[PDB]
C-alpha cells in the first residue's frame, strides 16, 4: 500500500500489519507498547512515591484475549517506563485452572500478604461468561497475588482449599457478572458498621466491592469486608451496596444504569481531594464510580458513570448506598475508570479510550488498539453564589443545591475532575506556548477562524474561556486536526446545554466512526452576572481528542484524518451577531506536549500473530 499523506488515502486494508503504527498513534499519554489494551488495573502509589499502573493486555494481537496485566511506572503520571521481565511488559498472566481464561481487573492492598503490596483480581475459568449469557458459579472467582519486587513480578497464592481463589461463592443466584474487586479502606464505613460487628463477625480494615447484577433485575455492587485485620483469605459478604433497576435511568444528565456493573469503585471526597474522615467532615461526600453495560445504543453499549450516595446501615450489619444524585464520568469513547489514593490527600482516576474502528477494518494495520485517558484528580466541585434563575437548577440531576438562609443564592455541589497538575506542568514546559489575544465573535466572525499561531503536529493542547449572554442562541467552540478537507468541530450551544463533537469531516478514511459526540454541560449562572462562561480545554494526541469543561465535564473521542497537514486549530462561531456576541479570552496553545515513553523507539510493534484453528475450538478468544 501507499502511505502518501499528501493525497487521498487508498485502500488501506491492503496495507501490511503495523504499517500504520505511527500514523494516528498517541505520544503524550499512557499506552501499551503494542497490541491490544483495555481497562486500567492494579493502580497504586509505590513506597518510593512512584505510580504503578497496570492494564488489561493482549500483546501481538488486536482483539481481546488471554487477558493479562501489562505494567509500567512513573514518578509524575506523565513520563513512563515499561517493566521488562521474562514475559516482556506483562507481570501477571493466565497460568492456573482458576485464571486460565483471563486475569481480569483487580486492585491493590498496599499492606497485604507478608506486608507486601497485594492484588485482589478476577480469576476467570471456562464456561459462558457475560451479562447476556447463562454464566455459572466458578467461571469468575477472585484471587490474590503479591509482589516482593515493587511490581516487577507477582506471586499467586496456591490453588486450593483456604488458598486461591479466595472468593468463589456467588452472593445471590443468577448473576449477570461477578468481577472487578475494588479494595479500599474506609474510616466512614468502619464507623457506620462498628455497632453491628457482632452480627457478621467481620472486623477487618479493608472493604471490597464486586461488580455485577442479577438477570432480569438490574445491576448490583456487592460489598464485602475483610473478616480479620492482617488476614487476607477470608472476606465476608455483607450485602448489596448499590442496587439499580433493569435499564433504569435517572435522566438526561445521568446515562443509564444498564443491566450489569463493571469496574466499580468507592471513594470519599471533599473540596480539596480525598477525604479520610469518619463522617465528621460536613464538606465531604461519598461517591461510587462504575461502568454499566447494555443501557446504551452506541459507544459499545457502555456508560462510565458516577453517583453521590448516602449510606444507611441495615439491621443485618450491611450498608445500603442510596443514590443522592448521579452523573457521567466521561461522555465519549471511554470506559473502565479506576481510582486510587495518592499522597497529599488525593484520589486520582484514569480510564481507557477505545478506538473508533468497531468493525475491526484497520486494527491489524495499526498493530495496536487502545490508550488511557489522562490521569484526573477527583474532588468535590463547589460553586458558590449561584443564581436561582439558572435554568433547570432545581432538578438537582447530577448535582445538589443548598439554598442560602434568605433564598436569594444557591451553593451547587457536584463531582469535580481535572487533569493532574504534574501532567499540565510537564506538557506546558515541554511545549511551544502561544498566548493568544482575546477574540470577540460577532457579526464579522467567520465560521472558522484559525488561531494566530498553529500547531506543528498532532500533539497539542488548547484552552479558552467563552463568555455568552444569558439568553444567547449563538454557538462557539474549537476546530482541531484541521485542514481544508478534514477537521473535527467541538461546539457548545448554551441554549440546548449541549457540547458536541461533529466528526462528519474528521477523516477521508470512511471506515472510522463519524457519529456526533454529545455531553450535557450546566453553566451555573452567578448572582449579579450578566453573562455565563464555559472554560473549555482540549488535548489532541495522535487520534485522541480529550475535552474538559469547567473542571467537571469530560469527553474523550477519536479522529483519524489522513492528510499530513490536517493539524490546524482555531475558533468556531455560529449565529454570532452584533447583538449576540461571544467573548473568548484566556486563549492559549501548547504545541508538542511531552514524549510520554522516552525509552521506546517510534515503532514498538513486534508483529502480530494468529492463535490458529484451536481459537475457534476453545471459543474463548477471537484468536487475533
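Positions refer to the first chain, counted from 1.
Undergrad: When the Cα temperature factors in the entry are averaged, is it 458-466 or 151-159 that ends up higher?
TA: The stretch with the larger average C-alpha B-factor is 458-466.
Undergrad: Where do the C-alpha atoms have the higher mean temperature factor in this entry, in 106-114 or in 93-101?
TA: Higher mean C-alpha B-factor: 106-114.
Undergrad: Identify, among 139, 226, 292, 198, the residue whose C-alpha carries the highest B-factor in the deposited PDB entry.
TA: When the deposited C-alpha B-factors of 139, 226, 292, 198 are compared, 198 is largest.
Undergrad: Out of 423, 124, 373, 390, which one has a C-alpha B factor higher than all the others in the entry?
TA: Highest C-alpha B-factor among the listed residues goes to 390.
Undergrad: Ranking the modelled residues of this chain by C-alpha B-factor as given in the entry, is residue 605 in the lowest, middle or highest third?
TA: Tercile = lowest for this residue's CA B-factor.
Undergrad: Grab the CA temperature factor for residue 74 from the record and place it in the lowest, middle or highest third of its chain.
TA: Bottom third by C-alpha B-factor.
Undergrad: Grab the CA temperature factor for residue 574 from the record and place it in the lowest, middle or highest third of its chain.
TA: CA B-factor rank for residue 574: highest third.
Undergrad: Ranking every modelled residue in this chain by its Cα temperature factor as given in the entry, which third contains residue 592?
TA: Its C-alpha B-factor belongs to the middle third of this chain's values.
Undergrad: Could you say whether, by C-alpha temperature factor, residue 18 belongs to the lowest, middle or highest third of its chain?
TA: For residue 18, whose C-alpha B-factor we compare with every modelled residue in the chain, the answer is the lowest third.
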